[PDB]
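Heads up, the chain below is alone and in the form deposited in one PDB entry; it's given as structure tokens.
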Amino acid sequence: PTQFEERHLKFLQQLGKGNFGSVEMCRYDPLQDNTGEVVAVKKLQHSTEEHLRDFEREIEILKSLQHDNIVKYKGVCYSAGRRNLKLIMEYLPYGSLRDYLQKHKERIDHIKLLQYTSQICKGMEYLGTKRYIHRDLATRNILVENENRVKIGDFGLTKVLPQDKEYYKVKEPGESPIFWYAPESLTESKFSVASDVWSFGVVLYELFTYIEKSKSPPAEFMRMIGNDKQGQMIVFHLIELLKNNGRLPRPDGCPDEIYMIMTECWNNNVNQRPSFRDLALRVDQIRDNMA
């Protein structure tokens, strides 16, 4: 019952476009009586063989995850012979946390941000117990099920660690979200639980800027290295900036202990970054104090 027939997927709209993939809102309505449920359908935008094998691995990863803060796998659809493989997931109605936060910023306070932050930590820790490296954590990948629950919502870049190493080396061709990447990911293409923690620090920054426009990591980092650079030079300068302990600023209104969580996630020393369990503990302690 995790096999969807393509003929019954009714396209409703395009939700998002990304890592060689696209996500659409559809209605699965096999009875053709308009009682089927609305689902999210992910497909490749250009189905090469390398992208198909990556997509199949991403599907297997998501099917292996069951957690309150991980988007639910529903099934696959490939009635177009081999190709046009599509991943069926639950549809979350409030969209990405990036959009949601931006749209409701005047009625989401810091205790609510910390609720979201803690759920993100629990999701990421579960990923780590499976030895999965997410790589692409960002508020655009975090989805809002309702006002009290968010979920990690996309796994297109997630890799499994080798059984004998604590990192995974990978250089994907294309534009990489460098303003969320740990320094050792920029210099050595090394991804680990610790670089996921660096990126989680960027997600926390994102949350506390409420997705204010000029305050995004790309905007702040390009302001710090100078908007006069272009091309590969950008990466180079970013690397230098991070190696001289250049960092994203404290967002307006962010308390010092929250910014300190951020700065501890952004340690150049990979082994000195906190664990996700410790991140959840600290966030939950602060949230309790605020109440």
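We call the rigid core whatever largest set of C-alpha positions still superposes within 1.5 Å between the two forms. The first residue of the sequence shown is number 1, and the count goes up from there.
If you look for the form deposited in another entry, you will not find it shown, but the lines that follow are about it.
Where among 84, 129, 146, 187 does the Cα move by 2 Å or more between this form and the one not shown after the core is superposed?
Among the listed residues, the outlier is 84.
My question is whether residue 260 is one of the residues whose C-alpha shifts by 2 Å or more between this form and the one not shown, given a fit on the rigid core.
Result for residue 260: no, shift under 2 Å.
C-alpha of residue 30 off by 2 Å or more between this form and the one not shown on rigid core:
Residue 30 C-alpha, core-superposed: shift of 2 Å or more.
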